[PDB]
Every structure is written in C-alpha cells, then in structure tokens.
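Chemist: Pasting in a structure now, in structure tokens, and then I'll have a few things to ask.
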Amino acid sequence: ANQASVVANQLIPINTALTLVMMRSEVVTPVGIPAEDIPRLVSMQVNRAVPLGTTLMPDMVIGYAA
C-alpha cells in the first residue's frame with residue numbers, strides 16, 4: 001500500500017552524480033528504491049540515463065545495496 005519510491009524529478013544523465021533536485025518521492029507501482037534512501041543516493045551514479053518520472057530501481061544505481 002503507501003510505500004513510496006524514489007522517482008526521477010528530471011532526466012538523470014548517465015554517469016552523473018545524483019543531487020537532491022533530481023529525486024522526488026511518490027507512491028508508484030511497481031515499488032523501486034524506498035523514498036527513505038534519497039540521502040544515501042546523493043552523489044551515487046546511475047548506469048543508464050533515467051527519463052523524467054521514472055521510478056529509480058536498485059539495478060540502475062552503481063554501488064547500491066539496500
């Protein structure tokens with residue numbers, strides 16, 4: 001039910017360090033990375049460009065383990 005995930009608040013380019021303006025939280029399905037983890041994700045990189053509105057999934061972030 002209302003488990004929120006991290007959602008791309010702008011297109012996130014490949015191999016670019018994540019900043020706080022790039023991540024919002026929303027209740028989406030399927031569930032992705034928990035919204036609680038937005039602070040952890042700061043300055044981690046994604047391995048593929050992430051379009052606006054896409055749910056950030058564990059496999060997209062280089063070095064992510066929950």
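Residues in the structure tokens are numbered from 1 in each chain, the chains being A, B, ... in the order shown, and ligands are numbered from 1 in the order shown.
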Which residues, written as number ranges by chain, have at least one atom at most 6 Å from residue 8 of chain A, with only C-alpha atoms counted and residues fewer than 5 positions away on the same chain left out?

Modeler: A: 22-23, 52-54

Chemist: Leaving out residue 24 of chain A and any residue of its chain fewer than 4 positions from it, which residues lie within 7 Å of it when counting only C-alpha atoms, given as a short mmCIF file (atom, residue, chain, number, x, y, z; two decimals) with C-alpha atoms, in the first residue's frame?

Modeler:
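Okay, this is what ended up in out_36.cif:
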```cif
data_model
loop_
_atom_site.label_atom_id
_atom_site.label_comp_id
_atom_site.auth_asym_id
_atom_site.auth_seq_id
_atom_site.Cartn_x
_atom_site.Cartn_y
_atom_site.Cartn_z
CA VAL A 6 12.39 7.47 -5.42
CA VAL A 7 11.21 8.93 -8.75
CA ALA A 8 13.35 10.98 -11.19
CA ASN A 9 12.31 14.63 -10.84
#
```

Chemist: What's around residue 29 of chain A at 9 Å? Count only C-alpha atoms, leave out sequence neighbours fewer than 3 positions away in its own chain, and write the answer as JSON, numbers by chain.

Modeler: {"A": [5, 32, 55]}

Chemist: So that I can check the secondary structure, give me every residue of chain A assigned alpha helix (DSSP H) by backbone DSSP, as a list in words.

Modeler: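 Taking chain A and keeping alpha helix (DSSP H) only, one gets residues 38, 39, 40 and 41 of chain A.
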
Chemist: Restricting it to N, CA, C and O atoms, dump the selection as a compact mmCIF listing (two decimals), in the first residue's frame.

Modeler:
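Heads up, here's the output in part-v5.txt:
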```txt
# COMPACT_ATOMS: atom_id res chain seq x y z
N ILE A 38 16.65 8.42 -0.31
CA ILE A 38 17.16 9.57 -1.06
C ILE A 38 18.48 10.18 -0.53
O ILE A 38 19.40 10.38 -1.33
N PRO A 39 18.73 10.47 0.76
CA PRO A 39 20.01 10.94 1.27
C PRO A 39 21.23 10.07 0.90
O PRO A 39 22.30 10.59 0.58
N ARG A 40 21.09 8.73 0.99
CA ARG A 40 22.15 7.77 0.66
C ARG A 40 22.55 7.90 -0.78
O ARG A 40 23.74 7.88 -1.09
N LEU A 41 21.52 8.10 -1.62
CA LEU A 41 21.75 8.14 -3.05
C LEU A 41 22.52 9.33 -3.54
O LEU A 41 23.11 9.27 -4.62
```

Chemist: Find the residues around residue 48 of chain A up to 12 Å (only C-alpha atoms counted), leave out those fewer than 2 positions away in its own chain, and share them as a list in words.

Modeler: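 What passes the distance filter is residues 11, 12, 13, 14, 15, 16, 45, 46, 50, 51, 54, 56, 57, 59, 60, 61 and 62 of chain A.
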
Chemist: Would you please work out which residue, of A:25, A:18, A:37, A:64, is nearest to residue 4 of chain A when using only C-alpha atoms?

Modeler: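 Of the candidates, the smallest distance to residue 4 of chain A is held by A:25.
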